[PDB]
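Asks: The amino acid sequence is not available; the structure is as follows:
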Ligand code: HEM
Ligand code: HEM
Ligand code: HEM
Ligand SMILES: CCCCCCCCCCCCCCCC(=O)O
Ligand SMILES: CCCCCCCCCCCCCCCC(=O)O
Ligand SMILES: CCCCCCCCCCCCCCCC(=O)O
């Protein structure tokens, strides 16, 4: 009873597990429409793609994030009742706290700490037979994130803290044991950080003004009250965990360098401009965030479709980032496409669209870019290495997707 | 005043632990009364026995089940706040859900799956030195129950899941370590099944209409709302666990065939009619459910006893099944006593009395009988085996009870 | 307001309290020449005091309350959540009478005698062992005796685990990091273990005996006649079992005192119960255990030219008061003879609290602690001879609680 | 007879001391108490050092050898595994005693 296409399959959630990052795109292509209806994740939903749909998706008067996604994502990736599900001035108030910790001075400090760690790892890498970049990245990022945040990290817990952080990320689009590893990792990380929050509030743990642990421990909401120690820990996890999740992008950028070697000498000849272009294309080209979920706040009409209050809407991030209407040859890795490109908040949304200060767009975008640029500079200039025979293939069905090998490296030598 | 027999001892709960299935009958015999007063399980109680008392016990205007038993039974056998403690229209509404899953077609299906599994196990049994029927029964029943319910069950977890189910059953009448194993097994099973409920509601787990997992996940109460995912998991476990608990009756059936071999050829020359009589006598003769607890809902007088509102009342299941006024030679195993016998809902109550549709009587009675008939048919026609030297003794003080050896078999060969 | 009252203005005072421990308050009362100073401690603006006169005001229940006084960390490790230590008013007195009813002189005598038989039985094994750690031996014996006297079943294969969980809770009350987390994990294990007992008892499924701690906690009724929650009843029973095991600290300090002051061995041997009580009291006064106590100002009042505002945190220095030269001549010296002909006072000797135990929060186990210490000291003096080999007997005044590092390891043990 | 008397008197002291522990226990298995007491008494009388944290495992190893002499299968294999552990544990004592590094 509508001109809006309707997928009437009742197993669509299971097909989403089968198709992953291509579920919405396969159907927007099939139905010749930027939007279609489908029962997904237990809700009658509308899936939409494209920059114009992203513009509507980020209209906070038309869309809310509360109760948008199933509880399984909060219990694994986000944390229960955290910022991802907040709306109104309360969300903006808490969003300002996250943004205050991810300013360019923070981005520069984090990238510089990573540069030091990469250079120091060379002396052990030269003595190893093989090195898995994903494993080295997750442990370096965990060590750097905690140090930069004032979070104590003993050397005997680095691997278990980093694995717990990655287990949460690796579980957001999974069922069965991969999803359960994140469900068990989250309570350990929350208990671990909440103790620091309580010790800090009693003065029994030294904190430093301007760092994430201190600002989370002593942040006050709009009513002047502090966050519950568990919520303060959860929101600190929403800083430490995604910094470790940069490991995925670091492996993808290394895979892109390997699969497209002409950009290797192109990066050496250039400077930070060419590294940023490469890093932006890594974020646009490779999969990470599949889609975003929202609920319709008030009845409205857009693109000849009636959005009723309460219906779930999913915005295809991967499809928008591979839209031929916005990107020429979208399925090709071409860093040159970002040369002299005007800033657009809705055609490139691997970490969200719109304004971070007025919406749910990722505030760690700058940190992600600067850490990637520094890690790319290290791979290009500091060391030479072989990429031995391995399964470099990554599955689009799997969410999040990662090359099975993890970019194993051998024959590592300093330049 | 009452002037009804009164056991004035203060350690009666400890005496119930040492006398078990005979505690109520020892005192009804001693007091020459169908009922007596006593302080049991921390409550001033009245124990009663006989079919007439069973008729009164199942008057839902006179009796309720809410708050009738200590919390220890919920936290081990039943689950907290499940069907066993419900009253009124809400209980009948949930009771219809269970009954819809245990109709004769379900009984036939479960019995047929059991036959197929028994026959396949012969190849393994012929190669083994000894086989413990109890351990084989619980694992087969667990795999058959989960497959029939639509509950996924990996081969690497069949033993643990079946052990967790049996631990809950083996703990309902225990104190100390035996009871604690059921207190620890219950949260494991609830968490295991609850994940399935939430995954099914999100469409991420395939379910099939008419199976237990589906019907529990999408059952709606009187107000049209579905159960909490934990409640739905608890009530699904109230289907899976008692199916595994049939292992007790299967072991007792083999013990009856061994201790009274005159019935082996009697069953051989007979058919389903003789298997019914044998299976029914196994349920009447051997102990399983000791007694049932209820609370007096309103003041009433029965058998010259004034039942005050709120007092605890225990109905002797075991003693009623061995009542010489209802069964000739009640302490003898005589399957022929069920030859062309009319339906009586209160003289034979090993799995409750009254109407299962209008009360708390076990809805799995038909499933239990049909699975027992199939397993008995298998032991009689399909294999020959030795019963080596073992302790086949079972204690009437241990609740639940089981032959100590578990009817270990050897020399197994197909026929 | 209180600009005259001295004021430590450091922002890291909670961290300095961790590194100074039992000496944090005395260092500043000596520094400021005052029984009173202000400081931000444990996340609250506080006033620290010391001396017998300060203790008198601290135990004025109209001026001070215990609810919300300490951080929740102490409840989650030592006390238990919402237990007797944080209660005020008639409800506190009611539950306090329950504890006192289990720690009367008949209970003190029973526990002390149970200790004596266990010490004597241990000699047979001690003679066959190369070395014996008194701290490890005490906590096991104290746990076995406390559970037996309380009616708490204790399997032989769980004695070490239960005793370790009790000490983990005690050893964590003044710590941060791993040492504190051990108590944070031990408490749920102990609470769950005891709560099943409370549930089985209330159902008649576990035998209890009137007059024993397990029975009295399981069937204690509040002012409104209702029973405690099964979890709360277990928590308060642990507030009896655990502190009995905690006597292991005092037992090691007593043996440390005999070794470090050998002249009192013959003094005790040539004496009787009088000299043992004097030695035991001096062990409690001289050695550290209870650092300070916390309370909230119940209502506005003025004392010692200081304005106490309702809600402000106040910490009473137990250690410093016990070493106050105004009350004890040569206070930093172990002199058991100082307790001969000592007038009984409720505010100058406060290692386990001050005031009246029946009208305040003073430790009701003081009598049990003394009687068990006397019997243990009697055994160490008359029953056995032993060597104290080379070991680290040092105990840090910054570590809360404190213990000689070795735990007074003994060797060459033989009967007398 | 002097060695017999000494071992019996050591046993007597151990039985008497055990009563304090037995009075607080719900149950006591005589076989398990006898094997541990005998192991401690035998080692002490022999001059063999025996830490309290190893009494159970040393006594278990001793009984495993005895309980295996007329058995086949797992019961016999327990003794076949306990013997190398006990032989190695005692040969180190012989080694140290002959070097004067263990008091005898
Ligand atoms: C590895 C690279 C990253 C990717 C692909 C990514 C992606 C995303 C996506 C898709 C969202 C949801 C956006 C929305 O709802 O509109 C998000 C939100 C968020 N991200 Fe990231 N992110 C990354 C790195 C980071 C880092 C390193 C941090 C922390 C320093 C971070 C912090 C956050 C926070 C706090 C939010 C919630 C923002 C809010 O709800 O207002 N992210 N991110
Ligand atoms: C092994 C044989 C079994 C025995 C001895 C047994 C016995 C009992 C007893 C004594 C009750 C309590 C009756 C009452 O309160 O009046 C009961 C209830 C119940 N049984 Fe069974 N049962 C058996 C098998 C099963 C099986 C195989 C299932 C599931 C397929 C099952 C499902 C239930 C349920 C759902 C209830 C609760 C009914 C209600 O409260 O309305 N039982 N059973
Ligand atoms: C025999 C073992 C012990 C038992 C059963 C015991 C019991 C208790 C109880 C029940 C309380 C709470 C009283 C209240 O809040 O009203 C308490 C408080 C206290 N106990 Fe003990 N105790 C024992 C040994 C000790 C020892 C050896 C010390 C030495 C450090 C000690 C020091 C304290 C302190 C400082 C308080 C707090 C006093 C206050 O808040 O005013 N106790 N004890
Ligand atoms: C099939 C399950 C449904 C899929 C749920 C998708 C969850 C949307 C959020 C994805 C954000 C990307 C995560 C990057 C790492 C981080 O920021 O923690
Ligand atoms: C300590 C006294 C016992 C407490 C009262 C026991 C009441 C429960 C009786 C239920 C018998 C049937 C249990 C087997 C089937 C199942 O798994 O549910
Ligand atoms: C940050 C320092 C903690 C504050 C001090 C908390 C209470 C100190 C006094 C209690 C000492 C009692 C310890 C032995 C008895 C017991 O086990 O309760």
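Replies: Done, it's in. Numbers count the residues shown, from 1 in each chain, chains lettered A, B, ... in the order given. Ligands and ions are numbered 1, 2, ... in the order given.

Asks: Just the element for residue A:122, please.
Replies: helix A:104-125 (DSSP states H and E).

Asks: For the closest residue in space to residue A:298 that isn't next to it in sequence, give me phi and psi.
Replies: Closest residue in space to residue A:298, ignoring its immediate chain neighbours: residue A:309 at 5.8 Å, by Cβ to Cβ, 6 or more residues apart in numbering or on different chains. The C-beta positions use only the backbone N, C-alpha and C, and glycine is treated the same way. Main-chain torsions, residue A:309, degrees, to the nearest 10: phi -60, psi 120.

Asks: Given the helix or strand following the helix holding residue A:122, what are its sheet partners and their directions?
Replies: For helix A:104-125, the following helix or strand on the C-terminal side (DSSP H and E) is strand A:130-132. Using DSSP bridges, the strands paired with strand A:130-132 are strand A:408-414 (antiparallel).

Asks: quick one: the helices in the stretch 51-200 of chain A?
Replies: A:51-57, A:71-73, A:88-100, A:104-125, A:133-148, A:158-169, A:177-201 (DSSP state H, counting those that start in this stretch).

Asks: which bits of the stretch 151-300 of chain A sit near chain C?
Replies: With Cβ under 8 Å from any Cβ of the partner chain as the criterion, the stretch 151-300 of chain A comes near chain C at residues A:195, A:198-199, A:201-206.

Asks: and residue A:141, how many neighbours does it have?
Replies: Neighbour count for residue A:141, taken as other Cβ atoms under 10 Å in any protein chain shown: 27.

Asks: do the same with residue A:265
Replies: Residues lying near residue A:265 (other Cβ under 10 Å) number 10.

Asks: related to what we said a few turns ago, turn the helices of the stretch 51-200 of chain A into a markdown table, columns for distance to residue A:325.
Replies: Converted to a markdown table, these look like this (distance: least, Cβ to Cβ, whole Å):
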| stretch | distance to residue A:325 |
| --- | --- |
| helix A:51-57 | 8 |
| helix A:71-73 | 30 |
| helix A:88-100 | 30 |
| helix A:104-125 | 31 |
| helix A:133-148 | 34 |
| helix A:158-169 | 31 |
| helix A:177-201 | 34 |
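
Asks: Among these, which comes closest to chain D?
Replies: Smallest distance to chain D across those (Cβ to the nearest Cβ): 29.5 Å, for helix A:158-169.

Asks: Flag every buried residue along that closest one.
Replies: Of the residues in helix A:158-169, those buried under the neighbour-count criterion (16 or more other Cβ atoms under 10 Å in any protein chain shown) are A:158, A:161-169.

Asks: Reformat the residues you listed as CSV; add distance to residue B:52.
Replies: Converted to CSV, the buried residues of helix A:158-169 look like this (distance: Cβ to Cβ, whole Å):
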residue, distance to residue B:52
A:158, 72
A:161, 67
A:162, 70
A:163, 65
A:164, 63
A:165, 67
A:166, 67
A:167, 61
A:168, 62
A:169, 66
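
Asks: for the residues you listed, which one is nearest chain C?
Replies: Closest approach between these and chain C, by Cβ to the nearest Cβ: residue A:161, at 15.2 Å.

Asks: Quick one: residues contacting whichever residue of chain A sits closest to chain B.
Replies: Proximity to chain B, evaluated over chain A using Cβ to the nearest Cβ, is greatest for residue A:13 at 3.0 Å. When contacts are counted by Cβ atoms under 8 Å, 6 or more residues apart in numbering or on different chains, residue A:13 touches A:39-42, B:202-204.

Asks: The closest residue in space to residue A:74 that isn't next to it in sequence - how many residues pack around it?
Replies: Counting by Cβ to Cβ, 6+ apart, residue A:74 lies nearest to residue A:80, which is 4.7 Å off, once chain neighbours are set aside. Counted with other Cβ under 10 Å, residues neighbouring residue A:80 total 13.

Asks: Can you verify my assumption that residue A:80 contacts residue A:73?
Replies: No. Applying Cβ atoms under 8 Å, one finds residue A:80 not in contact with residue A:73, separated by 10.1 Å.

Asks: can I get the residues of the stretch 151-300 of chain A next to chain C in a markdown table with neighbour count and distance to residue A:20?
Replies: Supplementary listing: these in a markdown table, determined by neighbours: other Cβ atoms under 10 Å in any protein chain shown; distance: Cβ to Cβ, whole Å:
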| residue | neighbour count | distance to residue A:20 |
| --- | --- | --- |
| A:195 | 19 | 37 |
| A:198 | 21 | 40 |
| A:199 | 23 | 41 |
| A:201 | 18 | 42 |
| A:202 | 18 | 46 |
| A:203 | 22 | 48 |
| A:204 | 21 | 46 |
| A:205 | 22 | 42 |
| A:206 | 14 | 44 |
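
Asks: Just give me the closest of the residues you listed to residue B:242.
Replies: Checking these against residue B:242 with Cβ to Cβ, the nearest one is residue A:195 at 42.6 Å.

Asks: For ligand 1, give me its nearest residue in chain A.
Replies: Each residue of chain A has a distance to ligand 1, by Cβ to the nearest ligand atom, and the smallest belongs to residue A:364, at 2.4 Å.

Asks: check contacts around that residue.
Replies: Listed by Cβ under 8 Å, 6+ apart, the contact partners of residue A:364 are A:98, A:102, A:239, A:242-243, A:351.

Asks: next one: phi and psi at the closest residue to residue A:226 other than its chain neighbours?
Replies: Spatial nearest neighbour of residue A:226, excluding adjacent residues (Cβ to Cβ, 6+ apart): residue A:220 at 5.7 Å. Dihedral angles phi and psi of residue A:220 (degrees, to the nearest 10) take the values phi -120, psi 140.

Asks: that's a strand at residue A:223, yeah?
Replies: No. Counting by DSSP: H, G, I helix; E, B strand; the rest coil, residue A:223 is not found in a strand; it is coil.

Asks: show me what contacts it?
Replies: By Cβ under 8 Å, 6+ apart, the contact set of residue A:223 is empty.

Asks: Also residue A:174?
Replies: For residue A:174, the residues meeting the contact criterion (Cβ under 8 Å, 6+ apart) are A:182, A:399.

Asks: How about residue A:92?
Replies: With contacts defined as Cβ under 8 Å, 6+ apart, residue A:92 is in contact with A:357-358.

Asks: can you map out the strands along chain A?
Replies: Across chain A, reading from the start of the chain, the strands by DSSP state E fall at A:6-7, A:35-40, A:43-48, A:63-64, A:130-132, A:291-296, A:300-302, A:305-307, A:312-316, A:383-386, A:408-414.

Asks: Next, the buried residues of the longest one.
Replies: I take that to be strand A:408-414. When burial is assessed from 16+ other Cβ under 10 Å, strand A:408-414 yields the following buried residues: A:408-409, A:412.
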